[PDB]
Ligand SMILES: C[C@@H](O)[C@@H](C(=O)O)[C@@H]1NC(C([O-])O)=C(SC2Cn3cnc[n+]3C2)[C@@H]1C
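One chain comes next, on its own, written out as structure tokens in the form deposited without this ligand.
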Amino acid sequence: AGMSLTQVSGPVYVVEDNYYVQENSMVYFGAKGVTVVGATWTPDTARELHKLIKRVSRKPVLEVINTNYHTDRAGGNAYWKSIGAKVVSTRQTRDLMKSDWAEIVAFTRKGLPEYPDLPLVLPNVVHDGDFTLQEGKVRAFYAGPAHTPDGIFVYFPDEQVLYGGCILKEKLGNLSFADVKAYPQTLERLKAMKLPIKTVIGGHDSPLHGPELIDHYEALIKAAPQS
């Protein structure tokens, strides 16, 4: 299908969004409603995700997290706002989105001319630090710059699942925005947290991995140009 939504553990589901360059995002089905992690590529893809969510739960979509300011993590924002879902990010992500959205949309359209010229839609719930949702069962944190300066991790302690967003994935990918020297330093700060991790969800390529995805990408990035 163009998009799938599949349980990985309990209330934690993975979205494989096959539009444009495949991106993987998360959904958490909570007591009071649904938290989406990664807004997906466009308002149309967001609508496609919402359609899958409505086949699983009647509960409202409470909030959507932009794990960085880029199109693959924030492009759905217009749709999520339109349905009354909060759009959540760190202050850093919101500030970079305000200044650099036009730039990332233009860069997106270089590779994907078919991608729409989306207007800026900023998060409306902004956090100054690390933050949690769903009674502490969805935990977002900053551990330094990697694919972008602002990208955050999201951890689900009950299921021991770590969402890597654009930071963790199978192939090196494009490094145009990346801090290549800091990248492994961020991954090592992450490892030093010693979070219990059974599953890492990569934000591109095939999503389901073990904790060794962190080590896999770390070795890749340490070999890259500008490392």
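Under this definition, the rigid core comprises the largest set of C-alpha atoms superposing within 1.5 Å between the forms. Note that residue numbering begins at 1 and tracks the sequence as displayed.
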Between stretches 61-69 and 173-181, more displaced by Cα RMS in 4 other deposited structures of this protein (rigid core superposition): 173-181
Mean Cα B-factor comparison, 184-192 or 170-178, giving the higher one as deposited: 170-178
Mean C-alpha temperature factor, higher of 131-139 and 97-105: 131-139
Deposited CA B-factor, highest of 76, 157, 113, 123: 123
Residue 41, C-alpha B-factor rank within chain (lowest, middle or highest third): lowest
Residue 14 - Cα temperature factor, lowest/middle/highest third of chain: middle
Within-chain third of residue 90 by Cα B-factor, per the entry: lowest
Lowest, middle or highest third - CA B-factor, residue 59: highest
Ranked against its chain, the third holding the CA B-factor of residue 209: lowest
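As for the form solved in complex with this ligand, it is not shown, yet the points below apply to it.
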Candidate stretches 28-36, 59-67, 192-200, 172-180 - the one whose heavy atoms come within 4.5 Å of this ligand in the deposited bound form: 172-180
Residue 107, heavy atom within 4.5 angstroms of this ligand in the deposited bound form: yes
Non-hydrogen atom contact residue 41 with this ligand in the deposited bound form at 4.5 angstroms: yes
Touches this ligand in the deposited bound form: residue 134 (any heavy atom, 4.5 Å): no
Contact flag, residue 208 vs this ligand in the deposited bound form, heavy atom cut 4.5 Å: no
Contacts with this ligand in the deposited bound form - residues in 141-172 whose heavy atoms fall within 4.5 Å: 147, 166, 169
